[PDB]
Amino acid sequence: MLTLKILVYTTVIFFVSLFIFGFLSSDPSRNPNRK
Amino acid sequence: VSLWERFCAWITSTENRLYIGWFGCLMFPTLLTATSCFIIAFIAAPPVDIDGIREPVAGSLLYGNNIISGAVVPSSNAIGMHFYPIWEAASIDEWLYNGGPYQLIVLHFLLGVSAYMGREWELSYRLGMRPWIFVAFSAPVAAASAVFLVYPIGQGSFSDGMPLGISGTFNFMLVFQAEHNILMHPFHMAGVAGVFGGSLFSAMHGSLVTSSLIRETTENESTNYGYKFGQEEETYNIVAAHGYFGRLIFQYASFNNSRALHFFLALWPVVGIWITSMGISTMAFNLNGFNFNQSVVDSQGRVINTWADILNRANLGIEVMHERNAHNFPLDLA
Amino acid sequence: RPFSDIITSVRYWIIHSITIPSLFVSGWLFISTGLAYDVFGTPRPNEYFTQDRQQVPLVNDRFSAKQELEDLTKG
Amino acid sequence: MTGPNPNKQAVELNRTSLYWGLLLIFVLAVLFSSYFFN
Amino acid sequence: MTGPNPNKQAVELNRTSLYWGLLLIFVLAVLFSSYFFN
Amino acid sequence: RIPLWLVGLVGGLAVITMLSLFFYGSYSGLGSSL
Amino acid sequence: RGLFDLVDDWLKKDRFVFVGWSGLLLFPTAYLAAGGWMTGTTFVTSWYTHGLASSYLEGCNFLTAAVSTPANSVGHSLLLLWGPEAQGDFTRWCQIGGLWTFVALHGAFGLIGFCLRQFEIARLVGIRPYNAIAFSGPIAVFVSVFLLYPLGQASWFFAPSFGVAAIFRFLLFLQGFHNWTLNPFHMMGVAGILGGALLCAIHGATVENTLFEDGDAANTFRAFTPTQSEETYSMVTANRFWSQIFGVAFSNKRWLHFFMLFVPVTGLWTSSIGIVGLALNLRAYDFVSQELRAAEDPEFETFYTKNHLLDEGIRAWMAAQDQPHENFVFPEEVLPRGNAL
Amino acid sequence: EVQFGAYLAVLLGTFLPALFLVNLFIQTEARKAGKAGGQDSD
Amino acid sequence: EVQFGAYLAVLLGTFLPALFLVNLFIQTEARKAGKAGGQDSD
Amino acid sequence: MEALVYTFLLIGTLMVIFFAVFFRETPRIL
Amino acid sequence: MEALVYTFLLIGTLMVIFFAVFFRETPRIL
Amino acid sequence: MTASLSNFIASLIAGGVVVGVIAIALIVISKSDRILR
Amino acid sequence: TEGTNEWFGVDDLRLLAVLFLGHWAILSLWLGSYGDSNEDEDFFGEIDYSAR
Amino acid sequence: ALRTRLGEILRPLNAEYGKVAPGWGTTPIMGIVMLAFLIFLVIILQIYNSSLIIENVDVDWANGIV
Amino acid sequence: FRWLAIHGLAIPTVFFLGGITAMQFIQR
Ligand code: CLA
Ligand code: CLA
Ligand SMILES: CC(C)=CCC/C(C)=C/CC/C(C)=C/CC/C(C)=C/CC/C(C)=C/CC/C(C)=C/CC/C(C)=C/CC/C(C)=C/CC/C(C)=C/CC1=CC(=O)C(C)=C(C)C1=O
Ligand SMILES: CCCCCCCCCCCCCCCC(=O)OC[C@H](COP(=O)(O)OC[C@@H](O)CO)OC(=O)CCCCCCCCCCCCCCC
Ligand SMILES: CC1=C(/C=C/C(C)=C/C=C/C(C)=C/C=C/C=C(C)/C=C/C=C(C)/C=C/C2=C(C)CCCC2(C)C)C(C)(C)CCC1
Ligand code: OEX
Ligand SMILES: [Fe+2]
C-alpha cells in the first residue's frame, strides 16, 4: 500500500540488475577451458 | 582486485556448496518467496471468493481441511486476468479475500522455475559439460506454464487456473474434461504414450543393467557395494544384456550402442511432454479435442450410439454441474 | 539369409506380385459381397432397427441367450 | 546352550539409506493420515 | 569443516542397565496412567 | 537386383494412399454424420 | 540322447525368434489375443450387449472401436464357444460378447507365457532375472483390472472393453461411481508413473551430457564400440553436477539402475492393490468430518465438496445410457442441473 | 468419559523413552562386536 | 468428528518405524567405530 | 486439534529434506 | 477401550521381568 | 449326459488334439533337425 | 487504480528514484572493473579472453 | 552334535540326504496325475460358474437341514 | 523355416486392409 510498493521495486531491480550486469561481466570467458 | 570482480568470482564459483550462478540471483529470491508464501497460505489463509459470487471457498488447514482437501485457491472471477499485487489492494484483508496469494505464488514460481532451468545450463558451462540437461527440463516447465499461465490467459481469468492443491487438481482435470474433451485430443494421447513409454523404458533399462552386473561382492554383503565411486572399469557386461534383449524380441530391435540407448531414454518422455503441454495450450484457446458425437447413423437417419456418445454423457454431467451458481446464460463461454 | 537381401531380389517380387493383389481383392470381396455381415452377425445399415422392434435390442437371459438372439435377428 | 553359531552376520544401514527410509515413512504418514482421521 | 574433534567418546549401556530403564518406564507408565486418563 | 530406396519409395507412397484413404472415409460413407 | 533331450535341444536352438519351452504357451495364446482384438474391433458389433456401435463396419474409427464386454444377463460366465450360452454357434457367440472373454483369457495366458519367456532366456544367457520380476508389474495391472475387477462386480459388463475410447469411459466411470482419484493407491501409482518417466528423462539427459571425447567427429553416437571396458560417461562429473544443482545425487551406478526399476514397478503394484479394493466397493469416497460439517454448516465449501457435485453429474447423466439392461428411465426433473446450464 | 489426549500421553510415554533405551543397548553391543574383529565387525 | 484411534495410528505409524530405522544406522556407525580402534571403540 | 498433526507431518518432512542435503554422506574417490 | 491400555501395561511389565531373570547377563569370574 | 456335460467332454477331446497335433508335429521335426555333435 | 496505462507501473514520482538508483548502483559497481577499459581493442575469435 | 533322546528316534528319518532314483524314475506317473488334477480343477470351476450343468446339481443356496 | 513366422502375421494384415479400404466406400 505505497510503502510496501516502494520496497518491492528496490528488491526487484536490485536482483534484476545483478542479473543484467552479471552476463555483461565477460560471462562467456568463465569456463573451465581457459581463464 | 575490484569489489565486483571479487563478487563475480564468488557467485560463479563451483566451489560453493550449492552453485548460485547468475540465474540464482533471480532463482533464489523468487522461489523462496513462492515457498514462504505457500506454506503460510496452505496452513493459515482465510476463504477465497473464487467464483466471484461472494461464496468463499475454504482452502487452508486452520479452516478445517487436510492435506488432500486443502489448497491455495485461485483468484477471483471478479479480478480475472488483472494484475492484483498487495499494494493495489487497499488492505491485506481485501487481498486475501479476492484470491491474493495465488498470483503471488504463481508469478514468483514461473520466474523461479525458468531461472532454475537456466541455472542448470550455467553450471554445465562452468563444469565442462555438454549443455543440454536444461532442454530436458523444458518439458515440465512447458507443462507448469501451461496450467498456471497459458490456460488462464486464453480463458481470460486466473480463476480457471489450477488450484495449488491435491483435491484442487482433480477439480481442474474434470472440469477441463467437460469443457475441452482432453482425452480425445491427440496431444494428451501423445503424452500418455510419453509416460507409459517413459516408465516402460525406465524399468526396462534399469532391469537390464541390474541383470548383467559383474560379480564383485559376496552373498552376505549388498549388491551395490561392487561399485566403487569414480572407478574406470565398466560395472556390467553390456554384451550380456544386448544378447538377452536380442533374443527376447528379436536381434535387430536392440541398441548395441549405449549412447544411442541413453539418448532414446531422454527423447521419448521429453518429446511426449512438449507435445502434451502444447495440448493444454491449444485447448486454452478453445480448440478442443475430437468430437464424434452423433457420428454413426443408420440409413433411416437415427443416431446409433458409440463409445464417444457414452463418453459425451459423462462430459455432460460435469458440464452441467461445474460452477453450479456462477452461470446465468445457456452456454459456458468461459 | 539377410532380410534386406530378400526384398531387393527380383524373384521375391515375382512371387508376391501375384499373391498380394489376389489376397487384397479377396479382402475386398469379403466385404462387398455382403459376406462379413453374416459370419459375424454385424447389422447392416438397413437393419439396426426394424419395423416392429424400434428399441435397442438387449439380451436378458443367461441360458436362452441363443434363443433370444434368434428372436431379435429374424425381423 | 550349545556352541556359537557360525551364521552370525552383521546388519548395515548407511547414512544414505537412512534418509530414504525416514522420508518413506513421513510421506506415507502425510498421505494416509487424512484418510485415517476421516 | 575443521579437523576431527579429539573429544569424541563412546556411549555404553550394558544389558543390566537396560532392564532397569525399561522397568523404570513401564512402572511409571502403570503409576501415572490412571491419573492422566482421569 | 533392385535399389532399396526405390522399394521404400513405392511402398512408402503406398501407405500414404492407404492412410489418406482412411481419412477420406471419415468425411464420407459410414461414420461421417452426413 | 533321449526323446526329451532332442526336443529340449530343438526348442533352444539359435534361430530367428527364440521359441523355447515357453513359446508353446506364448505363441498360440498371444496370437489369438491379438487377432481376436483385430477381428473384434473390425467386424463384431456391440449392438446387442451394450447397444452401441464398436466396429469398423459400423463407421467407428480407430478411437471409437472396441471389443466390448458381454451383457449383464450373462453374469460371470466364461462364455465358452461350446458352452451353454453359445452352444457351438460362432455367430451367436460373437453377438453375446464371446470374443471379449476370448481376448481376455487367451491374453492372460499370454502374459503368463511371456513372463515365463523372461525366466527361460535369462537362464540360457546366464543373467539375473530382474526383467521377469519387473514385468510382474504389468501382470498385476492386467489381472487386477481386466480380471479381478469384474469378478468383484456384478458381471463382466463392468470391465474395460478392449478399445481406445472404451478405456476412456472406464476412466470416467471410475470417478463418478468410485471416486478413484481420491484413493491413496492411485496416488502412489501416479507417483511411480510420473516418477518413472522422470528418471529416464534425467538418466537419459545426464549420460548424454557427460560423455567422453572418443572421436574427432561432432556426432557422439559414432564413438562407441560395444565391447569396450572403459565407461562412456564421467560419473564423477555427473555427481558433481547434480550435487550442486539439486543438492543430492547418485554416487552408485548399481544403485541408480536398480532405482530405475523400483520406482516404475512399485507404482504398478500399489495402484493394483487399490483396484482390488474397488471390486468390493471399498472405496475412499468421503471424508466424513468434511461431510458432517458441510451438512450442518451450509456455507462451508472446499474443493473437496466441489468434486462430489461433479460426481453426481457423472452418476446421474451417464447411467441412463451406461446401463441399458437396468432400464433407468430418469425424468428430466430429477437430473441434477446447475443454474442455467 | 476419559481424556483422549491421555492415550497419546501414555503410549508415547511408554514407547518413545523405551525405544530410546533399546538404542543405547544395540549400539553398545555393536561396538563390542565392532572391536572383536570376528564374523560380525565388517 | 474424527476418529480418536487415528492419532494412535499416525503418531505410532510415524515414530515406531522411524525410530527403528535410526537404530540400524546407529549400530552401523558403532561397528565402523568399533573396528577402527581409535578413541571411540572401547 | 486435528490440523496440528498435519502441520507436524509437513514441517517434519521438511526437516529430513534439510538434513539430507547438507549433512549428506559425501562420496569420496579412494 | 480404556482398560485395554491398563492390561497392556501390566503384561508388558511382566515381559521385561521374564527377560531379566532368564536372559540375564551372567556374571563370570576372570 | 446333459447338453452341457456332453459338449464339455467333446471340448476336452478337442483340447487334446490341439495339444496333440502340435506335439506330434513337434516330435517328428525334432528328429530331422538334430544338431551335429 | 490498477488498469491505468502508466509506464512500468510508476504511479507516483517517488518510484522513479527507486528505479534509477537500482540500475545505477550496480552499474557503478560494474564500471569499477569493466568500465574504464580500452574501447578500441578487437579480436578475431568467437569469444574474448582479454582481461578481468 | 548333541545327542538327545528324541534326536535318536528321529535320526533315521534325516540320515538319508540326496539319494536319488537314477534316471527318469516315476516322472511319467506324476504327469498323468498332474494332467488329471488339471482336468479336475477345470470341472469344478465350470460347475460353480454354471457353465457346466449337471442334472440334479443346482448351484444355489440350498436348504441345509435344520 | 521362417516363412511360417512372418506370413502368419502378414497374410492376415493385407486381408484386413482389403476390408478397411472397402469400408470407406460403404455408405448408408
Ligand atoms: C504368471 C506366471 C508365472 C510365472 C512366470 C511363474 C514362474 C515360475 N513358477 Mg509358477 N505358478 C504360477 C504362475 C507363474 N509362475 C501360478 C499361477 C501357479 C499356481 C498357483 C504357479 C505354481 C507353481 C509351482 C507349484 C511351481 C512354480 C514354479 C515356478 C518357477 C519355474 C517355472 C515353472 O514351472 O512355471 C510354472 C509353469 C506355468 C505357470 C505354466 C502354466 C501353464 C498352464 C498349466 C496352462 C493351463 C491352462 C488351462 C488348461 C486353461 C484352462 C483354465 C481356464 C478354465 C481359466 C518360476 C519361478 C516352480 C518353482 O518353484 O520353481 C523353483 C514350482 O514348483 N509355479
Ligand atoms: C496425471 C495423470 C495420471 C497418471 C499418471 C495416472 C497413472 C495411472 N493410472 Mg490413472 N487416472 C487419472 C490420472 C492419472 N493416472 C485420472 C484423472 C483418472 C480419472 C478418474 C484416472 C483413472 C484411472 C483408472 C480407472 C485406472 C487408472 C490406472 C492408472 C495406472 C495406469 C495403469 C497402467 O500403467 O496401465 C498400463 C497397462 C498395462 C500394464 C496393461 C499391460 C500391457 C500389456 C502387456 C500390453 C501388451 C501389448 C502387446 C504388445 C500387444 C499389442 C499389439 C496389438 C495392439 C496388435 C497408473 C498408476 C489404472 C490402475 O490403477 O490400474 C492398476 C486404472 O484402472 N487411472
Ligand atoms: C499351420 C497352422 C496350424 C496354421 C495357422 C497359422 C499359424 C501357425 C499362425 C501362428 C503364427 C503366429 C501368430 C505367430 C507369430 C508370433 C507372434 C509374433 C506372436 C506375438 C503376437 C504379437 C502381437 C506380437 C507383437 C508385439 C511385439 C512383441 C512387439 C515388440 C515391441 C517392440 C518392437 C519394442 C521395441 C522397444 C525398444 C526399442 C526397446 C529398446 C529400448 C530400451 C530402453 C531397452 C533397454 C535396453 C535395450 C538394449 O538393447 C540394451 C543393450 C540395454 C542395456 C537396455 O537396457
Ligand atoms: C533451491 C534449490 C536447492 C535444491 C533444493 C533441495 C531439495 C532437494 C531434496 C532432497 C532430497 C532428500 C531425500 C533424501 C534421499 C537421499 O538422501 O538419497 C541419497 C542418494 C545418494 O545415493 P548414493 O548413490 O549415495 O547411494 C549409494 C548407496 O549407498 C545406496 O544406499 O541420493 C539419491 O539417490 C537421491 C536421488 C533421488 C532424490 C529423491 C528426492 C525426492 C524428492 C523429495 C520428495 C520429498 C518432498 C517432500 C515434501 C513434502
Ligand atoms: C478371432 C478368432 C480367430 C482368429 C484368429 C486370427 C487368426 C486372427 C488374426 C488376425 C490378425 C493378426 C489381424 C491383423 C490385422 C492387422 C491390421 C488390419 C493392421 C493394420 C495396420 C494399420 C492400419 C497400420 C497403419 C500404419 C501403417 C501401415 C504404416 C505407418 C504406421 C501406421 C501404424 C499408421 C479364430 C480363428 C481363432 C477363431 C476364434 C476367434
Ligand atoms: O471460472 Mn473456473 O470454469 Ca472456465 O468454463 Mn466458464 O469459467 Mn468458470 O465456467 Mn466453466
Ligand atoms: Fe543407464
# chains A, B, ... in the order shown; residues from 1 in each chain; ligands from 1
call {"tool": "interface_residues", "arguments": {"of": "chain O", "to": "chain C", "cutoff": "10 Å", "atoms": "only C-alpha atoms", "output": "ChimeraX atom specification"}}
result
/O:11-23,25-28
call {"tool": "residues_near_ligand", "arguments": {"ligand": "ligand 4", "cutoff": "6 Å", "atoms": "only C-alpha atoms and all ligand atoms", "output": "list in words"}}
result
residues 16, 17, 19 and 20 of chain D; 246, 247, 248, 249, 250, 251, 252 and 255 of chain G; 13, 17, 20 and 21 of chain J
call {"tool": "select_by_dssp", "arguments": {"residues": "chain J", "states": "helix (DSSP H, G or I)", "output": "count of residues only"}}
result
20
call {"tool": "interface_residues", "arguments": {"of": "chain N", "to": "chain C", "cutoff": "12 Å", "atoms": "only C-alpha atoms", "output": "ChimeraX atom specification"}}
result
/N:49-53
call {"tool": "interface_residues", "arguments": {"of": "chain B", "to": "chain J", "cutoff": "10 Å", "atoms": "only C-alpha atoms", "output": "ChimeraX atom specification"}}
result
/B:17-18,39,42-43,60-67,228-231
call {"tool": "residues_near_ligand", "arguments": {"ligand": "ligand 7", "cutoff": "7 Å", "atoms": "only C-alpha atoms and all ligand atoms", "output": "mmCIF file with N, CA, C and O atoms, in the first residue's frame"}}
result
data_model
loop_
_atom_site.group_PDB
_atom_site.id
_atom_site.type_symbol
_atom_site.label_atom_id
_atom_site.label_comp_id
_atom_site.auth_asym_id
_atom_site.auth_seq_id
_atom_site.Cartn_x
_atom_site.Cartn_y
_atom_site.Cartn_z
ATOM 1 N N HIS B 205 15.291 -50.431 -18.978
ATOM 2 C CA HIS B 205 16.724 -50.185 -18.954
ATOM 3 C C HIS B 205 17.310 -50.473 -17.590
ATOM 4 O O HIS B 205 18.411 -51.018 -17.487
ATOM 5 N N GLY B 206 16.583 -50.121 -16.535
ATOM 6 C CA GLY B 206 17.058 -50.374 -15.197
ATOM 7 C C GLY B 206 17.085 -51.834 -14.818
ATOM 8 O O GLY B 206 17.766 -52.202 -13.863
ATOM 9 N N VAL B 209 20.455 -53.481 -16.797
ATOM 10 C CA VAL B 209 21.727 -53.204 -16.156
ATOM 11 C C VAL B 209 21.875 -54.036 -14.899
ATOM 12 O O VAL B 209 22.903 -54.683 -14.685
ATOM 13 N N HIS B 262 21.022 -44.487 -24.261
ATOM 14 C CA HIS B 262 20.782 -43.432 -23.288
ATOM 15 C C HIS B 262 20.334 -42.132 -23.914
ATOM 16 O O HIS B 262 20.110 -41.188 -23.176
ATOM 17 N N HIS G 203 18.241 -39.606 -16.478
ATOM 18 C CA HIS G 203 19.346 -40.500 -16.778
ATOM 19 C C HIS G 203 19.621 -40.558 -18.269
ATOM 20 O O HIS G 203 20.750 -40.816 -18.693
ATOM 21 N N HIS G 257 20.572 -47.717 -11.385
ATOM 22 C CA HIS G 257 19.780 -48.519 -12.291
ATOM 23 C C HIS G 257 18.847 -49.456 -11.561
ATOM 24 O O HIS G 257 17.832 -49.848 -12.126
#
call {"tool": "residues_near_ligand", "arguments": {"ligand": "ligand 5", "cutoff": "8 Å", "atoms": "only C-alpha atoms and all ligand atoms", "output": "number ranges by chain"}}
result
F: 15, 18-19; G: 31-40, 99, 102; O: 8-10, 12-17, 20
call {"tool": "residues_near_ligand", "arguments": {"ligand": "ligand 1", "cutoff": "7 Å", "atoms": "only C-alpha atoms and all ligand atoms", "output": "list in words"}}
result
residues 25, 105, 111, 112, 113, 115 and 116 of chain G; 38 and 42 of chain N
call {"tool": "atom_distance", "arguments": {"atom1": "atom CA of residue 2 of chain E", "atom2": "atom CA of residue 26 of chain I"}}
result
23.2 Å
call {"tool": "closest_atom_pairs", "arguments": {"of": "chain B", "to": "ligand 6", "cutoff": "12 Å", "atoms": "only C-alpha atoms and all ligand atoms", "output": "CSV"}}
result
residue,atom,partner,partner_atom_place_in_ligand_line,distance
B:49,CA,ligand 6,1 (O),11.1
B:50,CA,ligand 6,1 (O),7.7
B:51,CA,ligand 6,1 (O),6.1
B:52,CA,ligand 6,1 (O),8.6
B:53,CA,ligand 6,1 (O),10.8
B:73,CA,ligand 6,2 (Mn),11.2
B:74,CA,ligand 6,2 (Mn),9.2
B:75,CA,ligand 6,1 (O),9.8
B:76,CA,ligand 6,1 (O),8.4
B:77,CA,ligand 6,1 (O),6.1
B:78,CA,ligand 6,1 (O),9.8
B:79,CA,ligand 6,1 (O),11.1
B:80,CA,ligand 6,1 (O),8.8
B:81,CA,ligand 6,1 (O),11.4
B:151,CA,ligand 6,4 (Ca),9.4
B:152,CA,ligand 6,4 (Ca),8.8
B:153,CA,ligand 6,4 (Ca),11.1
B:154,CA,ligand 6,4 (Ca),10.0
B:155,CA,ligand 6,4 (Ca),6.5
B:156,CA,ligand 6,7 (O),8.5
B:157,CA,ligand 6,1 (O),7.2
B:158,CA,ligand 6,1 (O),8.2
B:159,CA,ligand 6,1 (O),5.2
B:160,CA,ligand 6,2 (Mn),3.9
B:161,CA,ligand 6,2 (Mn),7.4
B:162,CA,ligand 6,2 (Mn),9.1
B:163,CA,ligand 6,2 (Mn),10.2
B:168,CA,ligand 6,2 (Mn),11.4
B:171,CA,ligand 6,2 (Mn),9.5
B:172,CA,ligand 6,2 (Mn),8.5
B:173,CA,ligand 6,3 (O),11.0
B:174,CA,ligand 6,3 (O),10.3
B:175,CA,ligand 6,3 (O),6.7
B:176,CA,ligand 6,4 (Ca),7.9
B:177,CA,ligand 6,10 (Mn),10.7
B:178,CA,ligand 6,10 (Mn),8.8
B:179,CA,ligand 6,5 (O),6.6
B:180,CA,ligand 6,5 (O),9.4
B:283,CA,ligand 6,4 (Ca),11.5
B:284,CA,ligand 6,4 (Ca),9.7
B:285,CA,ligand 6,4 (Ca),11.3
B:286,CA,ligand 6,5 (O),10.4
B:318,CA,ligand 6,10 (Mn),9.7
B:319,CA,ligand 6,10 (Mn),7.4
B:320,CA,ligand 6,10 (Mn),9.2
B:321,CA,ligand 6,10 (Mn),9.2
B:322,CA,ligand 6,10 (Mn),6.2
B:323,CA,ligand 6,9 (O),5.8
B:324,CA,ligand 6,9 (O),8.7
B:325,CA,ligand 6,9 (O),9.5
B:326,CA,ligand 6,9 (O),6.9
B:327,CA,ligand 6,9 (O),6.8
B:328,CA,ligand 6,9 (O),10.3
B:329,CA,ligand 6,6 (Mn),10.6
B:330,CA,ligand 6,6 (Mn),11.1
B:331,CA,ligand 6,6 (Mn),8.6
B:332,CA,ligand 6,6 (Mn),4.9
B:333,CA,ligand 6,6 (Mn),5.7
B:334,CA,ligand 6,6 (Mn),3.0
